[PDB]
>>> print(open('start_15.cif').read())   # mmCIF, C-alpha atoms and all ligand atoms
data_target
loop_
_atom_site.group_PDB
_atom_site.id
_atom_site.type_symbol
_atom_site.label_atom_id
_atom_site.label_comp_id
_atom_site.auth_asym_id
_atom_site.auth_seq_id
_atom_site.Cartn_x
_atom_site.Cartn_y
_atom_site.Cartn_z
ATOM 1 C CA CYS A 13 1.461 -10.776 -0.160
ATOM 2 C CA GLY A 14 4.257 -10.891 -2.740
ATOM 3 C CA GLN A 15 3.910 -14.648 -2.349
ATOM 4 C CA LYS A 16 4.393 -15.842 -5.993
ATOM 5 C CA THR A 17 3.711 -19.629 -6.208
ATOM 6 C CA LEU A 18 6.037 -22.049 -8.015
ATOM 7 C CA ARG A 19 4.751 -24.109 -10.975
ATOM 8 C CA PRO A 20 7.806 -24.536 -13.249
ATOM 9 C CA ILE Z 1 1.118 -5.199 -24.111
ATOM 10 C CA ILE Z 2 3.926 -5.161 -26.746
ATOM 11 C CA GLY Z 3 6.449 -7.215 -24.808
ATOM 12 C CA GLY Z 4 6.441 -10.890 -25.614
ATOM 13 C CA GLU Z 5 5.538 -13.581 -23.139
ATOM 14 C CA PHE Z 6 2.105 -15.127 -22.889
ATOM 15 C CA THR Z 7 1.895 -16.160 -19.178
ATOM 16 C CA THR Z 8 -0.731 -17.305 -16.640
ATOM 17 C CA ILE Z 9 -2.692 -16.733 -13.446
ATOM 18 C CA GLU Z 10 0.232 -18.188 -11.561
ATOM 19 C CA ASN Z 11 2.785 -15.730 -12.807
ATOM 20 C CA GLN Z 12 0.680 -12.713 -11.753
ATOM 21 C CA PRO Z 13 -1.722 -14.247 -9.173
ATOM 22 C CA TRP Z 14 -2.754 -10.832 -7.812
ATOM 23 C CA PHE Z 15 -4.103 -9.514 -11.189
ATOM 24 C CA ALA Z 16 -7.856 -8.917 -11.395
ATOM 25 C CA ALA Z 17 -9.536 -8.778 -14.792
ATOM 26 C CA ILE Z 18 -12.404 -6.262 -14.666
ATOM 27 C CA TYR Z 19 -15.595 -6.582 -16.675
ATOM 28 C CA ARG Z 20 -18.675 -4.544 -17.427
ATOM 29 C CA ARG Z 21 -21.984 -6.283 -18.311
ATOM 30 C CA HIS Z 22 -24.839 -5.348 -20.662
ATOM 31 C CA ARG Z 23 -28.645 -5.564 -20.584
ATOM 32 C CA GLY Z 24 -28.215 -7.997 -23.458
ATOM 33 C CA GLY Z 25 -26.394 -10.788 -21.577
ATOM 34 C CA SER Z 26 -22.731 -10.226 -22.607
ATOM 35 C CA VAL Z 27 -19.621 -8.644 -20.974
ATOM 36 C CA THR Z 28 -16.578 -6.753 -22.343
ATOM 37 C CA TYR Z 29 -13.126 -6.178 -20.915
ATOM 38 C CA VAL Z 30 -12.442 -2.741 -19.333
ATOM 39 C CA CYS Z 31 -9.162 -2.634 -17.326
ATOM 40 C CA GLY Z 32 -6.889 -4.595 -14.959
ATOM 41 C CA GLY Z 33 -6.507 -4.626 -11.173
ATOM 42 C CA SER Z 34 -4.516 -5.730 -8.087
ATOM 43 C CA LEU Z 35 -5.768 -7.479 -4.955
ATOM 44 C CA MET Z 36 -4.808 -5.699 -1.702
ATOM 45 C CA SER Z 37 -6.838 -7.304 0.973
ATOM 46 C CA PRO Z 38 -9.534 -9.919 0.486
ATOM 47 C CA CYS Z 39 -12.332 -7.520 -0.555
ATOM 48 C CA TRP Z 40 -10.413 -4.678 -2.160
ATOM 49 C CA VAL Z 41 -9.170 -4.473 -5.714
ATOM 50 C CA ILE Z 42 -7.458 -1.384 -6.960
ATOM 51 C CA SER Z 43 -7.321 0.067 -10.477
ATOM 52 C CA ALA Z 44 -7.207 3.486 -12.317
ATOM 53 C CA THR Z 45 -9.964 6.133 -12.400
ATOM 54 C CA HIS Z 46 -10.229 6.751 -16.179
ATOM 55 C CA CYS Z 47 -11.787 3.292 -16.637
ATOM 56 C CA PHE Z 48 -15.104 3.768 -14.804
ATOM 57 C CA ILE Z 49 -15.516 7.274 -16.195
ATOM 58 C CA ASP Z 50 -18.263 7.286 -18.852
ATOM 59 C CA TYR Z 51 -20.058 4.458 -17.061
ATOM 60 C CA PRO Z 52 -19.649 5.088 -13.255
ATOM 61 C CA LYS Z 53 -22.094 2.395 -12.122
ATOM 62 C CA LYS Z 54 -20.757 0.025 -9.450
ATOM 63 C CA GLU Z 55 -23.737 -2.200 -10.146
ATOM 64 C CA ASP Z 56 -23.124 -3.012 -13.806
ATOM 65 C CA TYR Z 57 -19.565 -4.271 -13.220
ATOM 66 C CA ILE Z 58 -18.439 -7.878 -12.651
ATOM 67 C CA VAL Z 59 -14.921 -8.812 -11.463
ATOM 68 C CA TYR Z 60 -12.697 -11.874 -12.028
ATOM 69 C CA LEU Z 61 -10.000 -13.226 -9.765
ATOM 70 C CA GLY Z 62 -8.105 -16.338 -10.834
ATOM 71 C CA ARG Z 63 -8.452 -16.274 -14.615
ATOM 72 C CA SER Z 64 -5.739 -16.400 -17.371
ATOM 73 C CA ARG Z 65 -7.917 -16.580 -20.486
ATOM 74 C CA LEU Z 66 -9.810 -13.590 -21.725
ATOM 75 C CA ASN Z 67 -13.154 -14.651 -23.215
ATOM 76 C CA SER Z 68 -13.237 -18.084 -21.438
ATOM 77 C CA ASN Z 69 -13.664 -19.511 -17.879
ATOM 78 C CA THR Z 70 -10.473 -20.660 -15.971
ATOM 79 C CA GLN Z 71 -11.510 -23.375 -13.447
ATOM 80 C CA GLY Z 72 -10.923 -22.276 -9.885
ATOM 81 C CA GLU Z 73 -11.772 -18.611 -10.448
ATOM 82 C CA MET Z 74 -13.907 -16.271 -8.379
ATOM 83 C CA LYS Z 75 -16.628 -13.963 -9.711
ATOM 84 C CA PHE Z 76 -17.504 -10.897 -7.684
ATOM 85 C CA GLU Z 77 -19.948 -8.079 -7.235
ATOM 86 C CA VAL Z 78 -18.413 -4.596 -6.938
ATOM 87 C CA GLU Z 79 -20.289 -3.746 -3.723
ATOM 88 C CA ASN Z 80 -18.632 -0.326 -3.567
ATOM 89 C CA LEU Z 81 -16.768 1.601 -6.277
ATOM 90 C CA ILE Z 82 -15.120 4.663 -4.826
ATOM 91 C CA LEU Z 83 -12.693 6.596 -7.094
ATOM 92 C CA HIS Z 84 -10.228 9.454 -6.540
ATOM 93 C CA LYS Z 85 -11.828 12.830 -5.716
ATOM 94 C CA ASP Z 86 -9.020 14.692 -7.570
ATOM 95 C CA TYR Z 87 -8.786 12.739 -10.858
ATOM 96 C CA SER Z 88 -8.414 14.923 -13.948
ATOM 97 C CA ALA Z 89 -6.689 14.587 -17.326
ATOM 98 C CA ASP Z 90 -5.615 16.950 -20.033
ATOM 99 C CA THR Z 91 -4.810 16.813 -23.715
ATOM 100 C CA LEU Z 92 -2.133 14.136 -22.910
ATOM 101 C CA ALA Z 93 -1.789 13.131 -19.275
ATOM 102 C CA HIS Z 94 -3.971 11.816 -16.467
ATOM 103 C CA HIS Z 95 -3.487 12.748 -12.822
ATOM 104 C CA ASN Z 96 -4.563 10.714 -9.805
ATOM 105 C CA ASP Z 97 -5.612 7.586 -11.771
ATOM 106 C CA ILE Z 98 -6.406 5.276 -8.854
ATOM 107 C CA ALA Z 99 -9.632 3.724 -7.593
ATOM 108 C CA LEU Z 100 -10.737 1.041 -5.225
ATOM 109 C CA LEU Z 101 -13.403 -1.557 -5.719
ATOM 110 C CA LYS Z 102 -14.755 -3.417 -2.724
ATOM 111 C CA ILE Z 103 -15.850 -6.840 -3.853
ATOM 112 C CA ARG Z 104 -18.195 -9.363 -2.285
ATOM 113 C CA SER Z 105 -19.089 -12.969 -3.199
ATOM 114 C CA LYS Z 106 -22.389 -13.690 -4.944
ATOM 115 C CA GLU Z 107 -22.760 -15.899 -1.843
ATOM 116 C CA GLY Z 108 -21.602 -13.236 0.621
ATOM 117 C CA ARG Z 109 -17.868 -13.209 1.411
ATOM 118 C CA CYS Z 110 -14.499 -11.834 0.311
ATOM 119 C CA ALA Z 111 -11.532 -13.291 -1.549
ATOM 120 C CA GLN Z 112 -10.310 -16.619 -0.156
ATOM 121 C CA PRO Z 113 -6.658 -16.150 -1.162
ATOM 122 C CA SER Z 114 -5.191 -19.327 -2.655
ATOM 123 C CA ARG Z 115 -2.617 -20.363 -5.359
ATOM 124 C CA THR Z 116 -4.117 -18.170 -8.080
ATOM 125 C CA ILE Z 117 -6.095 -15.813 -5.832
ATOM 126 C CA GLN Z 118 -3.225 -13.900 -4.233
ATOM 127 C CA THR Z 119 -2.568 -10.276 -3.069
ATOM 128 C CA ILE Z 120 0.333 -7.803 -3.611
ATOM 129 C CA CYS Z 121 2.470 -5.913 -1.183
ATOM 130 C CA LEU Z 122 2.051 -2.159 -1.076
ATOM 131 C CA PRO Z 123 5.157 -0.059 -1.290
ATOM 132 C CA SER Z 124 6.259 1.678 1.977
ATOM 133 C CA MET Z 125 6.526 5.478 2.220
ATOM 134 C CA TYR Z 126 8.628 7.533 -0.224
ATOM 135 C CA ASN Z 127 10.259 4.313 -1.497
ATOM 136 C CA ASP Z 128 10.823 3.609 -5.218
ATOM 137 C CA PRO Z 129 13.625 1.699 -7.028
ATOM 138 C CA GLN Z 130 16.331 3.571 -8.894
ATOM 139 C CA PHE Z 131 16.297 4.530 -12.557
ATOM 140 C CA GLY Z 132 17.493 1.292 -14.074
ATOM 141 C CA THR Z 133 15.347 -1.209 -12.218
ATOM 142 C CA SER Z 134 13.605 -3.615 -14.578
ATOM 143 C CA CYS Z 135 10.058 -4.148 -13.413
ATOM 144 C CA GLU Z 136 7.337 -6.251 -14.905
ATOM 145 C CA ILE Z 137 3.912 -5.554 -16.256
ATOM 146 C CA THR Z 138 1.071 -7.661 -17.593
ATOM 147 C CA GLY Z 139 -2.385 -7.513 -18.957
ATOM 148 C CA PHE Z 140 -4.756 -8.504 -21.721
ATOM 149 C CA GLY Z 141 -3.415 -5.396 -23.449
ATOM 150 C CA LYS Z 142 -3.537 -4.258 -27.001
ATOM 151 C CA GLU Z 143 -0.774 -5.998 -28.937
ATOM 152 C CA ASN Z 144 -0.511 -2.918 -31.189
ATOM 153 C CA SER Z 145 -1.676 0.729 -31.032
ATOM 154 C CA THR Z 146 -3.186 0.038 -34.462
ATOM 155 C CA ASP Z 147 -4.263 -3.587 -33.680
ATOM 156 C CA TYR Z 148 -7.842 -3.897 -32.274
ATOM 157 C CA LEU Z 149 -8.384 -7.343 -30.749
ATOM 158 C CA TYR Z 150 -7.286 -7.945 -27.163
ATOM 159 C CA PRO Z 151 -4.977 -11.022 -27.264
ATOM 160 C CA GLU Z 152 -6.655 -14.150 -25.901
ATOM 161 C CA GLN Z 153 -3.905 -15.185 -23.501
ATOM 162 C CA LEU Z 154 -2.744 -12.987 -20.581
ATOM 163 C CA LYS Z 155 0.585 -11.267 -21.332
ATOM 164 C CA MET Z 156 3.757 -10.053 -19.667
ATOM 165 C CA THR Z 157 6.943 -8.029 -20.183
ATOM 166 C CA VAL Z 158 9.882 -6.460 -18.332
ATOM 167 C CA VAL Z 159 10.756 -2.792 -18.570
ATOM 168 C CA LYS Z 160 13.466 -0.371 -17.328
ATOM 169 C CA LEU Z 161 12.549 2.719 -15.218
ATOM 170 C CA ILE Z 162 13.280 6.355 -16.093
ATOM 171 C CA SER Z 163 14.125 9.583 -14.225
ATOM 172 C CA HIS Z 164 12.727 13.087 -13.917
ATOM 173 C CA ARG Z 165 15.964 14.276 -15.491
ATOM 174 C CA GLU Z 166 15.148 11.876 -18.347
ATOM 175 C CA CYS Z 167 11.372 12.115 -18.939
ATOM 176 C CA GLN Z 168 11.063 15.868 -18.245
ATOM 177 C CA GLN Z 169 13.297 16.536 -21.261
ATOM 178 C CA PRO Z 170 12.103 18.285 -24.523
ATOM 179 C CA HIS Z 171 11.951 15.298 -26.887
ATOM 180 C CA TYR Z 172 9.890 13.481 -24.256
ATOM 181 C CA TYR Z 173 6.888 14.718 -22.244
ATOM 182 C CA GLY Z 174 8.319 18.003 -20.933
ATOM 183 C CA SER Z 175 6.328 19.385 -18.003
ATOM 184 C CA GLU Z 176 3.476 16.916 -18.534
ATOM 185 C CA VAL Z 177 5.297 14.346 -16.317
ATOM 186 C CA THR Z 178 4.762 15.161 -12.623
ATOM 187 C CA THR Z 179 6.244 13.736 -9.371
ATOM 188 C CA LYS Z 180 3.199 11.502 -8.631
ATOM 189 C CA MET Z 181 3.811 9.285 -11.690
ATOM 190 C CA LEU Z 182 6.623 6.961 -12.957
ATOM 191 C CA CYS Z 183 8.052 6.814 -16.519
ATOM 192 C CA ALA Z 184 8.980 3.449 -18.078
ATOM 193 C CA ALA Z 185 10.378 1.941 -21.309
ATOM 194 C CA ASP Z 186 13.013 -0.384 -22.849
ATOM 195 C CA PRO Z 187 16.145 0.911 -24.710
ATOM 196 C CA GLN Z 188 13.935 1.835 -27.694
ATOM 197 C CA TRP Z 189 10.787 0.831 -29.573
ATOM 198 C CA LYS Z 190 10.818 -2.839 -28.556
ATOM 199 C CA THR Z 191 8.466 -3.117 -25.544
ATOM 200 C CA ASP Z 192 5.740 -1.080 -23.721
ATOM 201 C CA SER Z 193 2.223 -1.447 -22.301
ATOM 202 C CA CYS Z 194 -0.838 -0.080 -24.111
ATOM 203 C CA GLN Z 195 -4.609 0.450 -24.075
ATOM 204 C CA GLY Z 196 -6.552 -2.205 -22.273
ATOM 205 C CA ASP Z 197 -3.487 -2.440 -19.974
ATOM 206 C CA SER Z 198 -4.547 0.417 -17.665
ATOM 207 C CA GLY Z 199 -5.519 -0.153 -14.058
ATOM 208 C CA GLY Z 200 -2.865 -2.818 -13.780
ATOM 209 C CA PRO Z 201 0.595 -3.569 -12.226
ATOM 210 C CA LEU Z 202 4.064 -2.037 -12.673
ATOM 211 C CA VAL Z 203 5.886 -4.739 -10.769
ATOM 212 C CA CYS Z 204 9.158 -4.543 -8.990
ATOM 213 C CA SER Z 205 10.019 -6.800 -6.118
ATOM 214 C CA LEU Z 206 11.662 -4.785 -3.356
ATOM 215 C CA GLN Z 207 13.543 -6.005 -0.292
ATOM 216 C CA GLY Z 208 12.290 -9.516 -1.145
ATOM 217 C CA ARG Z 209 8.526 -9.509 -1.794
ATOM 218 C CA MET Z 210 7.131 -8.234 -5.113
ATOM 219 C CA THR Z 211 5.285 -4.963 -4.511
ATOM 220 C CA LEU Z 212 2.831 -2.657 -6.237
ATOM 221 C CA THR Z 213 5.228 0.016 -7.310
ATOM 222 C CA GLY Z 214 3.147 1.554 -10.111
ATOM 223 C CA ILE Z 215 -0.069 1.534 -12.095
ATOM 224 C CA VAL Z 216 -0.412 1.858 -15.882
ATOM 225 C CA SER Z 217 -2.183 5.102 -16.912
ATOM 226 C CA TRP Z 218 -1.137 6.880 -20.112
ATOM 227 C CA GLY Z 219 1.454 7.554 -22.772
ATOM 228 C CA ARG Z 220 1.358 8.760 -26.373
ATOM 229 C CA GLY Z 221 1.280 5.711 -28.601
ATOM 230 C CA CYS Z 222 2.350 2.266 -27.425
ATOM 231 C CA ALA Z 223 6.143 1.640 -27.613
ATOM 232 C CA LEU Z 224 7.570 4.713 -29.256
ATOM 233 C CA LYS Z 225 11.078 6.159 -29.671
ATOM 234 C CA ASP Z 226 11.566 8.694 -26.828
ATOM 235 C CA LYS Z 227 8.111 8.110 -25.309
ATOM 236 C CA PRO Z 228 7.873 6.207 -21.998
ATOM 237 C CA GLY Z 229 4.872 4.688 -20.302
ATOM 238 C CA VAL Z 230 3.453 6.375 -17.299
ATOM 239 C CA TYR Z 231 2.184 4.751 -14.151
ATOM 240 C CA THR Z 232 0.532 6.366 -11.136
ATOM 241 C CA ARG Z 233 3.165 6.010 -8.371
ATOM 242 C CA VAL Z 234 1.320 4.344 -5.526
ATOM 243 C CA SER Z 235 3.936 5.775 -3.145
ATOM 244 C CA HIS Z 236 2.058 9.045 -2.507
ATOM 245 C CA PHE Z 237 -1.374 7.455 -2.422
ATOM 246 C CA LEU Z 238 -0.619 5.262 0.513
ATOM 247 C CA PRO Z 239 -2.704 7.254 3.006
ATOM 248 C CA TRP Z 240 -5.593 7.688 0.610
ATOM 249 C CA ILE Z 241 -5.933 3.935 0.155
ATOM 250 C CA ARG Z 242 -5.604 3.185 3.867
ATOM 251 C CA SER Z 243 -8.017 6.049 4.685
ATOM 252 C CA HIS Z 244 -10.906 4.409 2.848
ATOM 253 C CA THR Z 245 -10.247 0.682 3.498
ATOM 254 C CA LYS Z 246 -11.170 0.758 7.207
ATOM 255 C CA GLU Z 247 -14.256 2.983 7.829
ATOM 256 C CA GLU Z 248 -15.062 5.675 5.185
HETATM 257 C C1 LIG A 301 -6.979 3.944 -19.768
HETATM 258 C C2 LIG A 301 -5.708 3.053 -20.147
HETATM 259 O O1 LIG A 301 -6.338 1.876 -20.692
HETATM 260 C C3 LIG A 301 -4.665 3.704 -21.023
HETATM 261 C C4 LIG A 301 -3.250 3.139 -20.925
HETATM 262 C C5 LIG A 301 -2.352 3.625 -22.044
HETATM 263 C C6 LIG A 301 -0.956 3.145 -21.848
HETATM 264 N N1 LIG A 301 -0.114 3.499 -22.981
HETATM 265 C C7 LIG A 301 1.194 3.301 -22.991
HETATM 266 N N2 LIG A 301 1.932 3.596 -24.075
HETATM 267 N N3 LIG A 301 1.756 2.776 -21.906
HETATM 268 N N4 LIG A 301 -4.638 5.132 -20.755
HETATM 269 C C8 LIG A 301 -5.024 6.019 -21.666
HETATM 270 O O2 LIG A 301 -5.462 5.686 -22.780
HETATM 271 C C9 LIG A 301 -4.931 7.481 -21.235
HETATM 272 N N5 LIG A 301 -4.722 8.443 -22.304
HETATM 273 C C10 LIG A 301 -3.681 8.332 -23.121
HETATM 274 O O3 LIG A 301 -2.856 7.413 -23.064
HETATM 275 C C11 LIG A 301 -3.575 9.379 -24.207
HETATM 276 N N6 LIG A 301 -2.395 10.264 -23.966
HETATM 277 C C12 LIG A 301 -3.432 8.647 -25.535
HETATM 278 C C13 LIG A 301 -2.503 9.310 -26.513
HETATM 279 C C14 LIG A 301 -2.185 8.411 -27.671
HETATM 280 O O4 LIG A 301 -2.841 7.338 -27.786
HETATM 281 O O5 LIG A 301 -1.275 8.771 -28.459
#
>>> encode(input="start_15.cif", output="structure tokens", more="lines below")
Ligand SMILES: *C[C@@](*)(O)[C@H](CCCNC(N)=[NH2+])NC(=O)CNC(=O)[C@@H](N)CCC(=O)O
Amino acid sequence: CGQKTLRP
Amino acid sequence: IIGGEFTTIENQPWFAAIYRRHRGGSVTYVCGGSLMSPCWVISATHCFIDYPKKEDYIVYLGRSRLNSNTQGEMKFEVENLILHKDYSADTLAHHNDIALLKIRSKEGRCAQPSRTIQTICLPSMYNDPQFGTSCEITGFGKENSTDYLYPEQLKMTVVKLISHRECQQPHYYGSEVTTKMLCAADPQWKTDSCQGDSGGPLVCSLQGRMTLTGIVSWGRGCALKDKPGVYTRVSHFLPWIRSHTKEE
């Protein structure tokens, strides 16, 4: 949880 | 919302868009949500009020566009919609706005958490940021109190928190603001949440991981001089949530 993926 | 940042299902991967169906084929957007475990979403009570049927509600996880399918999204049945046995609201506020939906796959299983399908961290006990902390909300909210179409692309905005000393004041909400709800706004009249936004995320990351600090509930007018936005502080509801999630 709180695991916000990275797609920048 | 009235902030300014169309975003996607990868910026707020835990957000659940909640829909209600109709005898005549369609569906319309009610309120937001937040995954907790695989099969438990969690919104506000004033959404399922006038139409309290757990059967005529469909729920979407992994979807950024409003009235259009986002590939790699999961549709659910609300196999159990239990609300808060103390919810009530007056001529302004709403108290105890918090409900839990237990979802199940049309095939028979819970959420399979992945890139888009993700869950939030619950706040610990009596733990909330200070009164300056910028936190971030989202939703398919109303772009204007007066406006009437719900923007087509998921939104997002950051907002500063406010104190009891602050909100309890005369030019604000006086004694309508209680200790089981957080007040939030920007310097003045620039950003806020709004209708359609309810049942969804006040987001502050604490100690590292981004947690479910609050939940959008009410406020007089969207983005207004001396008029914050109120969220149901999940802090105090921690046992309630945990008390239903396991057995009954
Ligand atoms: C149920 C939910 O969709 C909304 C969220 C409103 C959030 N508004 C702001 N500015 N953050 N909740 C309600 O509509 C609950 N009732 C009220 O907000 C009323 N006090 C409305 C008063 C008004 O519109 O001036």
>>> resolve_selection(input="start_15.cif", expression="the PyMOL selection byres (((not hetatm)) within 9 of (chain A and resi 301))", output="PyMOL selection string")
chain Z and resi 1+30-32+44-47+89-94+97+141+145+184-185+192-199+216-224+227-231
>>> residues_around(input="start_15.cif", residues="residue 143 of chain Z", least_positions_apart="3", cutoff="8 Å", atoms="only C-alpha atoms", output="ChimeraX atom specification")
/Z:1-2,147,149-151,194
>>> residues_around(input="start_15.cif", residues="residue 26 of chain Z", least_positions_apart="2", cutoff="12 Å", atoms="only C-alpha atoms", output="number ranges by chain")
Z: 19-24, 28-29, 56-58, 67
>>> interface_residues(input="start_15.cif", of="chain Z", to="chain A", cutoff="12 Å", atoms="all atoms listed in the file", output="CSV table (one decimal) with C-alpha atoms, keeping the file's coordinate frame")
chain,number,residue,atom,x,y,z
Z,7,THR,CA,1.9,-16.2,-19.2
Z,8,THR,CA,-0.7,-17.3,-16.6
Z,9,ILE,CA,-2.7,-16.7,-13.4
Z,10,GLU,CA,0.2,-18.2,-11.6
Z,11,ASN,CA,2.8,-15.7,-12.8
Z,12,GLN,CA,0.7,-12.7,-11.8
Z,13,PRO,CA,-1.7,-14.2,-9.2
Z,14,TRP,CA,-2.8,-10.8,-7.8
Z,15,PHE,CA,-4.1,-9.5,-11.2
Z,34,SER,CA,-4.5,-5.7,-8.1
Z,35,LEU,CA,-5.8,-7.5,-5.0
Z,36,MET,CA,-4.8,-5.7,-1.7
Z,37,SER,CA,-6.8,-7.3,1.0
Z,38,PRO,CA,-9.5,-9.9,0.5
Z,113,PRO,CA,-6.7,-16.2,-1.2
Z,114,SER,CA,-5.2,-19.3,-2.7
Z,115,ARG,CA,-2.6,-20.4,-5.4
Z,116,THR,CA,-4.1,-18.2,-8.1
Z,117,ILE,CA,-6.1,-15.8,-5.8
Z,118,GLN,CA,-3.2,-13.9,-4.2
Z,119,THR,CA,-2.6,-10.3,-3.1
Z,120,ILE,CA,0.3,-7.8,-3.6
Z,121,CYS,CA,2.5,-5.9,-1.2
Z,122,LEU,CA,2.1,-2.2,-1.1
Z,123,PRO,CA,5.2,-0.1,-1.3
Z,203,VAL,CA,5.9,-4.7,-10.8
Z,204,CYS,CA,9.2,-4.5,-9.0
Z,205,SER,CA,10.0,-6.8,-6.1
Z,206,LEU,CA,11.7,-4.8,-3.4
Z,207,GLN,CA,13.5,-6.0,-0.3
Z,208,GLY,CA,12.3,-9.5,-1.1
Z,209,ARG,CA,8.5,-9.5,-1.8
Z,210,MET,CA,7.1,-8.2,-5.1
Z,211,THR,CA,5.3,-5.0,-4.5
Z,212,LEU,CA,2.8,-2.7,-6.2
Z,213,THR,CA,5.2,0.0,-7.3
>>> atom_distance(input="start_15.cif", atom1="atom CA of residue 39 of chain Z", atom2="atom CA of residue 104 of chain Z")
6.4 Å
>>> closest_residue(input="start_15.cif", among="Z:237, Z:148, Z:87, Z:60", to="residue 105 of chain Z", atoms="all atoms listed in the file")
Z:60
>>> resolve_selection(input="start_15.cif", expression="the PyMOL selection byres (((chain Z and resi 173) around 10) and not hetatm)", output="VMD selection string")
chain Z and resid 92 to 93 166 to 172 174 to 178 183 219 to 220 226 to 228
>>> atom_distance(input="start_15.cif", atom1="atom CA of residue 236 of chain Z", atom2="atom CA of residue 102 of chain Z")
20.9 Å
>>> atom_distance(input="start_15.cif", atom1="atom CA of residue 135 of chain Z", atom2="atom CA of residue 59 of chain Z")
25.5 Å
>>> axis_aligned_box(input="start_15.cif", around="chain A", padding_each_side="6 Å", output="AutoDock Vina command-line options")
--center_x 4.6 --center_y -17.7 --center_z -6.7 --size_x 18.3 --size_y 25.8 --size_z 25.1
>>> resolve_selection(input="start_15.cif", expression="the PyMOL selection byres (((chain Z and resi 132) around 9) and not hetatm)", output="list in words")
residues 129, 130, 131, 133, 134, 160, 161, 162 and 163 of chain Z
>>> decode(input="start_15.cif", residues="segment 52-65 of chain Z", atoms="N, CA, C and O atoms", output="CSV table (one decimal), in the first residue's frame")
chain,number,residue,atom,x,y,z
Z,52,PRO,N,-30.2,2.8,-1.4
Z,52,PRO,CA,-29.4,1.9,-0.6
Z,52,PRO,C,-29.3,0.4,-1.1
Z,52,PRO,O,-29.1,-0.5,-0.3
Z,53,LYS,N,-29.4,0.2,-2.4
Z,53,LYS,CA,-29.4,-1.2,-2.8
Z,53,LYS,C,-28.0,-1.6,-3.3
Z,53,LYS,O,-27.5,-1.1,-4.3
Z,54,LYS,N,-27.4,-2.5,-2.6
Z,54,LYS,CA,-26.1,-3.1,-2.9
Z,54,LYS,C,-26.1,-3.8,-4.2
Z,54,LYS,O,-25.0,-4.1,-4.8
Z,55,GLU,N,-27.3,-4.2,-4.7
Z,55,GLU,CA,-27.4,-5.0,-5.9
Z,55,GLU,C,-27.3,-4.1,-7.2
Z,55,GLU,O,-26.8,-4.5,-8.1
Z,56,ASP,N,-27.9,-2.9,-7.1
Z,56,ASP,CA,-27.9,-2.1,-8.3
Z,56,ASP,C,-26.7,-1.1,-8.4
Z,56,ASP,O,-26.8,0.0,-9.0
Z,57,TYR,N,-25.5,-1.5,-7.9
Z,57,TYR,CA,-24.3,-0.8,-8.0
Z,57,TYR,C,-23.2,-1.6,-8.6
Z,57,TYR,O,-22.9,-2.7,-8.2
Z,58,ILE,N,-22.5,-0.9,-9.5
Z,58,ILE,CA,-21.3,-1.6,-10.2
Z,58,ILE,C,-20.1,-0.7,-9.9
Z,58,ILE,O,-20.2,0.6,-9.9
Z,59,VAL,N,-18.9,-1.4,-9.7
Z,59,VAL,CA,-17.7,-0.6,-9.3
Z,59,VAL,C,-16.4,-0.9,-10.1
Z,59,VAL,O,-16.0,-2.0,-10.4
Z,60,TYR,N,-15.8,0.3,-10.5
Z,60,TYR,CA,-14.6,0.2,-11.4
Z,60,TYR,C,-13.3,0.6,-10.7
Z,60,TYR,O,-13.1,1.7,-10.2
Z,61,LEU,N,-12.4,-0.4,-10.9
Z,61,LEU,CA,-11.0,-0.3,-10.4
Z,61,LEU,C,-10.0,-0.3,-11.6
Z,61,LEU,O,-10.0,-1.3,-12.4
Z,62,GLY,N,-9.2,0.7,-11.8
Z,62,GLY,CA,-8.3,0.8,-12.9
Z,62,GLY,C,-9.0,1.4,-14.1
Z,62,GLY,O,-9.2,0.8,-15.1
Z,63,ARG,N,-9.4,2.7,-13.9
Z,63,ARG,CA,-10.1,3.4,-15.0
Z,63,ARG,C,-9.8,4.9,-14.8
Z,63,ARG,O,-10.1,5.5,-13.7
Z,64,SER,N,-9.3,5.6,-15.8
Z,64,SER,CA,-9.0,7.1,-15.8
Z,64,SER,C,-10.0,8.0,-16.4
Z,64,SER,O,-10.1,9.2,-16.1
Z,65,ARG,N,-10.7,7.4,-17.4
Z,65,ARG,CA,-11.8,8.1,-18.2
Z,65,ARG,C,-13.2,7.7,-17.7
Z,65,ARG,O,-13.5,6.6,-17.5
